[PDB]
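Enquirer: Input structure: upload24.json, which contains JSON, C-alpha atoms.
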```json
[["chain", "number", "residue", "atom", "x", "y", "z"],
["A", 1, "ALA", "CA", -27.04, 10.41, 1.43],
["A", 2, "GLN", "CA", -25.76, 6.90, 2.10],
["A", 3, "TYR", "CA", -22.21, 7.93, 1.31],
["A", 4, "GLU", "CA", -21.30, 11.17, 3.03],
["A", 5, "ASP", "CA", -18.14, 13.20, 3.16],
["A", 6, "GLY", "CA", -16.64, 12.83, 6.60],
["A", 7, "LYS", "CA", -18.15, 9.38, 7.04],
["A", 8, "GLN", "CA", -16.84, 6.64, 4.71],
["A", 9, "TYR", "CA", -14.36, 9.08, 3.26],
["A", 10, "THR", "CA", -12.97, 12.62, 3.70],
["A", 11, "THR", "CA", -12.20, 15.18, 0.99],
["A", 12, "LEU", "CA", -8.81, 16.74, 0.49],
["A", 13, "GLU", "CA", -8.85, 20.47, 1.01],
["A", 14, "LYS", "CA", -5.92, 20.56, -1.36],
["A", 15, "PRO", "CA", -6.77, 18.20, -4.26],
["A", 16, "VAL", "CA", -3.90, 16.59, -6.10],
["A", 17, "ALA", "CA", -3.82, 16.92, -9.90],
["A", 18, "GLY", "CA", -2.69, 14.02, -12.09],
["A", 19, "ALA", "CA", -2.66, 11.53, -9.19],
["A", 20, "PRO", "CA", -2.91, 7.74, -9.72],
["A", 21, "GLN", "CA", -6.58, 6.75, -9.96],
["A", 22, "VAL", "CA", -6.54, 4.43, -6.98],
["A", 23, "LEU", "CA", -3.54, 5.07, -4.71],
["A", 24, "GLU", "CA", -2.77, 2.97, -1.64],
["A", 25, "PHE", "CA", -0.03, 3.57, 0.96],
["A", 26, "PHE", "CA", 1.32, 1.01, 3.35],
["A", 27, "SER", "CA", 4.29, 0.13, 5.59],
["A", 28, "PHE", "CA", 5.64, -3.33, 6.37],
["A", 29, "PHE", "CA", 5.90, -2.01, 9.92],
["A", 30, "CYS", "CA", 2.22, -1.02, 9.99],
["A", 31, "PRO", "CA", 0.09, -3.50, 12.01],
["A", 32, "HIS", "CA", -3.22, -2.64, 10.28],
["A", 33, "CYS", "CA", -1.46, -2.93, 6.92],
["A", 34, "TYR", "CA", -0.64, -6.50, 7.87],
["A", 35, "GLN", "CA", -4.31, -7.09, 8.67],
["A", 36, "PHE", "CA", -5.31, -5.28, 5.43],
["A", 37, "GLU", "CA", -2.98, -7.45, 3.44],
["A", 38, "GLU", "CA", -3.13, -10.99, 4.80],
["A", 39, "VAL", "CA", -6.42, -11.13, 6.69],
["A", 40, "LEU", "CA", -8.66, -8.78, 4.71],
["A", 41, "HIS", "CA", -7.00, -8.73, 1.25],
["A", 42, "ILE", "CA", -8.32, -5.20, 0.70],
["A", 43, "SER", "CA", -6.23, -4.41, -2.40],
["A", 44, "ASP", "CA", -7.50, -7.56, -3.95],
["A", 45, "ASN", "CA", -11.18, -7.04, -3.18],
["A", 46, "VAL", "CA", -11.03, -3.46, -4.35],
["A", 47, "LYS", "CA", -9.55, -4.57, -7.68],
["A", 48, "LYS", "CA", -12.44, -7.03, -8.12],
["A", 49, "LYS", "CA", -15.02, -4.24, -7.81],
["A", 50, "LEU", "CA", -13.37, -1.37, -9.67],
["A", 51, "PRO", "CA", -14.64, -0.44, -13.12],
["A", 52, "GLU", "CA", -11.80, -1.31, -15.40],
["A", 53, "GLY", "CA", -9.44, 0.47, -17.50],
["A", 54, "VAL", "CA", -8.74, 1.75, -13.95],
["A", 55, "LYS", "CA", -5.28, 1.05, -12.58],
["A", 56, "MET", "CA", -4.30, 0.44, -8.99],
["A", 57, "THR", "CA", -1.09, 1.75, -7.40],
["A", 58, "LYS", "CA", 0.43, 0.77, -4.04],
["A", 59, "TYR", "CA", 3.35, 2.59, -2.36],
["A", 60, "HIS", "CA", 5.56, 2.00, 0.71],
["A", 61, "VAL", "CA", 6.27, 4.88, 3.13],
["A", 62, "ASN", "CA", 9.33, 6.03, 5.10],
["A", 63, "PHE", "CA", 7.90, 7.34, 8.35],
["A", 64, "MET", "CA", 7.82, 3.98, 10.17],
["A", 65, "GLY", "CA", 10.77, 1.91, 11.38],
["A", 66, "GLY", "CA", 13.50, 4.47, 10.79],
["A", 67, "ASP", "CA", 16.45, 3.17, 8.78],
["A", 68, "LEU", "CA", 14.88, -0.18, 8.00],
["A", 69, "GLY", "CA", 11.71, 1.68, 6.91],
["A", 70, "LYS", "CA", 13.58, 3.50, 4.13],
["A", 71, "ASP", "CA", 15.30, 0.26, 3.11],
["A", 72, "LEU", "CA", 11.86, -1.28, 2.76],
["A", 73, "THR", "CA", 10.74, 1.53, 0.46],
["A", 74, "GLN", "CA", 13.72, 0.92, -1.79],
["A", 75, "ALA", "CA", 13.04, -2.87, -1.62],
["A", 76, "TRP", "CA", 9.42, -2.24, -2.60],
["A", 77, "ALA", "CA", 10.65, -0.11, -5.50],
["A", 78, "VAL", "CA", 12.72, -3.17, -6.55],
["A", 79, "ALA", "CA", 9.62, -5.35, -6.16],
["A", 80, "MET", "CA", 7.79, -2.91, -8.47],
["A", 81, "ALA", "CA", 10.54, -2.78, -11.10],
["A", 82, "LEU", "CA", 10.95, -6.56, -11.24],
["A", 83, "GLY", "CA", 7.19, -7.15, -10.92],
["A", 84, "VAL", "CA", 7.56, -9.44, -7.94],
["A", 85, "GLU", "CA", 5.19, -7.65, -5.53],
["A", 86, "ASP", "CA", 3.10, -10.78, -5.24],
["A", 87, "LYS", "CA", 5.99, -13.02, -4.29],
["A", 88, "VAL", "CA", 7.55, -10.87, -1.57],
["A", 89, "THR", "CA", 4.68, -8.97, 0.04],
["A", 90, "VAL", "CA", 3.72, -11.78, 2.37],
["A", 91, "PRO", "CA", 7.24, -12.83, 3.52],
["A", 92, "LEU", "CA", 8.15, -9.16, 3.96],
["A", 93, "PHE", "CA", 5.18, -8.66, 6.32],
["A", 94, "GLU", "CA", 5.85, -11.83, 8.28],
["A", 95, "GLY", "CA", 9.59, -11.16, 8.53],
["A", 96, "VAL", "CA", 9.03, -7.67, 10.02],
["A", 97, "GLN", "CA", 5.98, -8.41, 12.21],
["A", 98, "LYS", "CA", 5.51, -12.18, 12.78],
["A", 99, "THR", "CA", 8.93, -13.84, 12.92],
["A", 100, "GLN", "CA", 10.93, -10.61, 13.41],
["A", 101, "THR", "CA", 13.75, -11.87, 11.25],
["A", 102, "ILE", "CA", 14.08, -8.78, 9.15],
["A", 103, "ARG", "CA", 16.55, -6.50, 10.93],
["A", 104, "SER", "CA", 18.80, -5.23, 8.15],
["A", 105, "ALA", "CA", 18.86, -4.62, 4.41],
["A", 106, "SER", "CA", 20.52, -8.03, 4.08],
["A", 107, "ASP", "CA", 17.63, -9.74, 5.77],
["A", 108, "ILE", "CA", 15.29, -7.94, 3.33],
["A", 109, "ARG", "CA", 17.43, -9.19, 0.45],
["A", 110, "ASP", "CA", 17.12, -12.78, 1.79],
["A", 111, "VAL", "CA", 13.38, -12.68, 1.33],
["A", 112, "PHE", "CA", 13.83, -11.90, -2.37],
["A", 113, "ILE", "CA", 16.52, -14.61, -2.84],
["A", 114, "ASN", "CA", 14.29, -17.19, -1.21],
["A", 115, "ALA", "CA", 11.40, -15.98, -3.33],
["A", 116, "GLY", "CA", 13.53, -16.79, -6.34],
["A", 117, "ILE", "CA", 14.81, -13.45, -7.60],
["A", 118, "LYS", "CA", 18.52, -13.77, -8.30],
["A", 119, "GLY", "CA", 21.14, -11.96, -6.30],
["A", 120, "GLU", "CA", 22.73, -10.50, -9.41],
["A", 121, "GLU", "CA", 19.30, -9.35, -10.51],
["A", 122, "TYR", "CA", 18.30, -8.02, -7.10],
["A", 123, "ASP", "CA", 21.56, -6.13, -6.44],
["A", 124, "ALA", "CA", 21.43, -4.74, -9.96],
["A", 125, "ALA", "CA", 17.83, -3.51, -9.52],
["A", 126, "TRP", "CA", 18.57, -2.28, -5.95],
["A", 127, "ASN", "CA", 21.26, 0.00, -7.28],
["A", 128, "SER", "CA", 19.62, 1.04, -10.52],
["A", 129, "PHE", "CA", 18.52, 4.60, -11.21],
["A", 130, "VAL", "CA", 15.09, 3.31, -12.36],
["A", 131, "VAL", "CA", 14.61, 2.25, -8.76],
["A", 132, "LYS", "CA", 15.89, 5.62, -7.51],
["A", 133, "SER", "CA", 13.12, 7.46, -9.43],
["A", 134, "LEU", "CA", 10.58, 4.82, -8.35],
["A", 135, "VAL", "CA", 11.57, 5.59, -4.72],
["A", 136, "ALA", "CA", 11.26, 9.24, -5.62],
["A", 137, "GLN", "CA", 7.75, 8.65, -6.98],
["A", 138, "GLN", "CA", 6.74, 6.81, -3.83],
["A", 139, "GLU", "CA", 7.92, 9.66, -1.68],
["A", 140, "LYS", "CA", 6.48, 12.37, -3.95],
["A", 141, "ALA", "CA", 3.00, 10.81, -3.91],
["A", 142, "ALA", "CA", 3.04, 10.60, -0.11],
["A", 143, "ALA", "CA", 4.27, 14.18, 0.01],
["A", 144, "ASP", "CA", 1.49, 15.40, -2.30],
["A", 145, "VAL", "CA", -1.20, 14.28, 0.11],
["A", 146, "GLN", "CA", 0.08, 15.19, 3.63],
["A", 147, "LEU", "CA", 0.56, 11.53, 4.58],
["A", 148, "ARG", "CA", 1.17, 10.99, 8.32],
["A", 149, "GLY", "CA", -0.63, 7.65, 8.71],
["A", 150, "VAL", "CA", -1.10, 4.24, 7.07],
["A", 151, "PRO", "CA", -2.93, 2.31, 5.73],
["A", 152, "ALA", "CA", -4.38, 4.94, 3.47],
["A", 153, "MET", "CA", -6.25, 5.01, 0.17],
["A", 154, "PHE", "CA", -6.75, 7.95, -2.17],
["A", 155, "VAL", "CA", -9.05, 8.04, -5.19],
["A", 156, "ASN", "CA", -8.04, 10.48, -8.00],
["A", 157, "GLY", "CA", -6.18, 12.76, -5.61],
["A", 158, "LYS", "CA", -9.34, 14.09, -4.05],
["A", 159, "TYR", "CA", -10.91, 11.41, -1.83],
["A", 160, "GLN", "CA", -9.42, 9.56, 1.11],
["A", 161, "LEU", "CA", -10.96, 6.36, 2.51],
["A", 162, "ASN", "CA", -12.13, 6.55, 6.10],
["A", 163, "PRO", "CA", -12.37, 3.03, 7.56],
["A", 164, "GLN", "CA", -12.93, 4.15, 11.18],
["A", 165, "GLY", "CA", -16.44, 5.10, 10.00],
["A", 166, "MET", "CA", -17.44, 1.58, 8.81],
["A", 167, "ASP", "CA", -18.67, -1.41, 10.87],
["A", 168, "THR", "CA", -15.91, -3.84, 11.90],
["A", 169, "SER", "CA", -18.05, -6.52, 13.60],
["A", 170, "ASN", "CA", -17.84, -8.71, 10.47],
["A", 171, "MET", "CA", -14.58, -8.62, 8.54],
["A", 172, "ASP", "CA", -16.15, -9.62, 5.21],
["A", 173, "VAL", "CA", -18.73, -6.91, 5.60],
["A", 174, "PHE", "CA", -16.02, -4.34, 6.38],
["A", 175, "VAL", "CA", -14.15, -5.35, 3.21],
["A", 176, "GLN", "CA", -17.24, -5.08, 0.99],
["A", 177, "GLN", "CA", -18.20, -1.78, 2.36],
["A", 178, "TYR", "CA", -14.65, -0.56, 1.88],
["A", 179, "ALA", "CA", -14.44, -1.69, -1.73],
["A", 180, "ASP", "CA", -17.91, -0.50, -2.64],
["A", 181, "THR", "CA", -16.88, 2.87, -1.23],
["A", 182, "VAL", "CA", -13.84, 2.90, -3.48],
["A", 183, "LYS", "CA", -16.10, 2.04, -6.41],
["A", 184, "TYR", "CA", -18.57, 4.81, -5.58],
["A", 185, "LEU", "CA", -15.74, 7.32, -5.24],
["A", 186, "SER", "CA", -14.22, 5.98, -8.45],
["A", 187, "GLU", "CA", -17.38, 6.93, -10.37],
["A", 188, "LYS", "CA", -17.94, 10.30, -8.72]]
```
How does the structure come out when it is put into structure tokens?
Expert:
Amino acid sequence: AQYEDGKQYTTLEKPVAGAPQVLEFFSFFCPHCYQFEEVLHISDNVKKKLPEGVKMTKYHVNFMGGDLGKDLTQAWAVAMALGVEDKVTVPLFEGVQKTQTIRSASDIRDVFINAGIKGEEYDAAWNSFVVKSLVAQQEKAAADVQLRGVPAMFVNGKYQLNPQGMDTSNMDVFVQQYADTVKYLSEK
């Protein structure tokens, strides 16, 4: 074919029922995730090519950056509950990896305050049980698919994107190939 198992994607030996249609995993500690987010805008270019009536989910993971890693997964859960993913994603990445000014939960909280979420509203969300389950969901979905590395994309719990098997000479070309692959897998 032109799209072969083991080449632009791999297939899960243990498929995952009821999974989100397009499921992406990242870490604010993950260097390629930074690339994927602010240089390549993968999430965004995938969205643009998906059929629709298809929803896109993105989750943070715990296995990078120890204690601060977990804090970031809760903070992402807060982002998700308040719907402020778009206002914090970039300063969260740059605070962990570029400026290195995120060193504690409090520094994470600063990013939200500066992004305009209110302390009262952030602390309330942070501590809410809706956020607890949303953390639980994030962990469960990573658990369901044997996740040991990020970035990672899964399409209906049975296909996993394999970017090592795509050309990287041209970034735009890598992105199109990536998204088209998601689209092909979407339709499968």
Enquirer: Using all atoms listed in the file, find each residue of range 10-72 of chain A with at least one atom at most 7 Å away from an atom of range 158-163 of chain A; report its shortest atom-to-atom pair and that distance in Å (one decimal), sort the rows by chain and rising residue number, and return the result as JSON lines.
Expert:
```
{"residue": "A:10", "atom": "CA", "partner": "A:160", "partner_atom": "CA", "distance": 5.4}
{"residue": "A:11", "atom": "CA", "partner": "A:159", "partner_atom": "CA", "distance": 4.9}
{"residue": "A:12", "atom": "CA", "partner": "A:158", "partner_atom": "CA", "distance": 5.3}
{"residue": "A:15", "atom": "CA", "partner": "A:158", "partner_atom": "CA", "distance": 4.9}
{"residue": "A:16", "atom": "CA", "partner": "A:158", "partner_atom": "CA", "distance": 6.3}
```
Enquirer: Take the residues just selected and output them with C-alpha atoms as a PDB file, in the frame of the given file.
Expert:
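Printed below is part19.pdb as written:
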```
ATOM      1  CA  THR A  10     -12.970  12.620   3.700  1.00  0.00           C
ATOM      2  CA  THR A  11     -12.200  15.180   0.990  1.00  0.00           C
ATOM      3  CA  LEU A  12      -8.810  16.740   0.490  1.00  0.00           C
ATOM      4  CA  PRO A  15      -6.770  18.200  -4.260  1.00  0.00           C
ATOM      5  CA  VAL A  16      -3.900  16.590  -6.100  1.00  0.00           C
TER       6      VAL A  16
END
```
Enquirer: What are the nearest atom pairs, with distances in Å to one decimal, for all residues of range 23-84 of chain A that come at most 8 Å from range 165-177 of chain A, using only C-alpha atoms, set out by chain and rising residue number as CSV?
Expert:
```
residue,atom,partner,partner_atom,distance
A:40,CA,A:175,CA,6.6
A:42,CA,A:175,CA,6.3
A:45,CA,A:175,CA,7.2
```
Enquirer: Residue 3 in chain A: which residues within 10 Å, counting all atoms listed in the file, same-chain residues fewer than 2 positions away excluded, as number ranges by chain?
Expert: A: 1, 5-9, 181, 184-185
Enquirer: So how many Å separate CA of residue 138 in chain A and CA of residue 96 in chain A, to one decimal?
Expert: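 These two atoms are separated by 20.2 Å.
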Enquirer: Identify, on the basis of only C-alpha atoms, every residue whose closest approach to residue 146 in chain A does not exceed 10 Å; exclude the query and any residue fewer than 3 positions from it along the same chain; express the result as a PyMOL selection string.
Expert: chain A and resi 12+14+141-143+149
Enquirer: Working from the structure I just supplied, which lacks atoms in range 5-23 of chain A, can you model N, CA, C and O atoms there and output them as a tab-separated table (two decimals), in the coordinates of the input?
Expert:
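Saved the output as part05.tsv:
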```tsv
chain	number	residue	atom	x	y	z
A	5	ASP	N	-19.43	12.62	2.84
A	5	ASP	CA	-18.14	13.20	3.16
A	5	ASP	C	-18.00	13.31	4.67
A	5	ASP	O	-18.91	13.76	5.37
A	6	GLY	N	-16.84	12.91	5.17
A	6	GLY	CA	-16.64	12.83	6.60
A	6	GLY	C	-17.13	11.53	7.21
A	6	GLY	O	-16.96	11.32	8.42
A	7	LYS	N	-17.71	10.63	6.42
A	7	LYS	CA	-18.15	9.38	7.04
A	7	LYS	C	-17.51	8.08	6.53
A	7	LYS	O	-16.97	7.31	7.34
A	8	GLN	N	-17.54	7.82	5.23
A	8	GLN	CA	-16.84	6.64	4.71
A	8	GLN	C	-15.59	7.11	3.99
A	8	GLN	O	-14.76	6.31	3.54
A	9	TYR	N	-15.50	8.43	3.86
A	9	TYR	CA	-14.36	9.08	3.26
A	9	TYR	C	-14.26	10.54	3.73
A	9	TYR	O	-15.20	11.07	4.32
A	10	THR	N	-13.14	11.19	3.42
A	10	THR	CA	-12.97	12.62	3.70
A	10	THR	C	-12.53	13.23	2.40
A	10	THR	O	-12.14	12.50	1.49
A	11	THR	N	-12.66	14.55	2.24
A	11	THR	CA	-12.20	15.18	0.99
A	11	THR	C	-10.99	16.05	1.23
A	11	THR	O	-10.96	16.82	2.18
A	12	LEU	N	-10.02	15.96	0.33
A	12	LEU	CA	-8.81	16.74	0.49
A	12	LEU	C	-9.12	18.18	0.19
A	12	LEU	O	-9.69	18.51	-0.85
A	13	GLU	N	-8.78	19.03	1.15
A	13	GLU	CA	-8.85	20.47	1.01
A	13	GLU	C	-7.94	20.96	-0.10
A	13	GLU	O	-8.17	22.01	-0.70
A	14	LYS	N	-6.92	20.17	-0.39
A	14	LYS	CA	-5.92	20.56	-1.36
A	14	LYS	C	-5.78	19.40	-2.34
A	14	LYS	O	-4.87	18.59	-2.23
A	15	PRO	N	-6.74	19.29	-3.29
A	15	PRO	CA	-6.77	18.20	-4.26
A	15	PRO	C	-5.50	18.10	-5.07
A	15	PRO	O	-4.82	19.10	-5.30
A	16	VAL	N	-5.19	16.89	-5.51
A	16	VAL	CA	-3.90	16.59	-6.10
A	16	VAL	C	-4.04	16.18	-7.57
A	16	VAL	O	-4.39	15.03	-7.89
A	17	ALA	N	-3.76	17.14	-8.46
A	17	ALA	CA	-3.82	16.92	-9.90
A	17	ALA	C	-2.96	15.75	-10.37
A	17	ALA	O	-1.88	15.49	-9.82
A	18	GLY	N	-3.46	15.04	-11.38
A	18	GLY	CA	-2.69	14.02	-12.09
A	18	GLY	C	-2.33	12.78	-11.30
A	18	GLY	O	-1.57	11.94	-11.78
A	19	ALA	N	-2.92	12.65	-10.11
A	19	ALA	CA	-2.66	11.53	-9.19
A	19	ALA	C	-3.11	10.18	-9.77
A	19	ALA	O	-4.00	10.13	-10.61
A	20	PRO	N	-2.44	9.09	-9.36
A	20	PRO	CA	-2.91	7.74	-9.72
A	20	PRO	C	-4.38	7.56	-9.34
A	20	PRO	O	-4.82	8.14	-8.34
A	21	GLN	N	-5.13	6.76	-10.11
A	21	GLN	CA	-6.58	6.75	-9.96
A	21	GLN	C	-6.96	6.18	-8.61
A	21	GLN	O	-7.68	6.82	-7.83
A	22	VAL	N	-6.46	4.99	-8.31
A	22	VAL	CA	-6.54	4.43	-6.98
A	22	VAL	C	-5.13	4.28	-6.39
A	22	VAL	O	-4.29	3.52	-6.90
A	23	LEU	N	-4.87	5.00	-5.30
A	23	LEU	CA	-3.54	5.07	-4.71
A	23	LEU	C	-3.53	4.62	-3.26
A	23	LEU	O	-4.14	5.24	-2.39
```
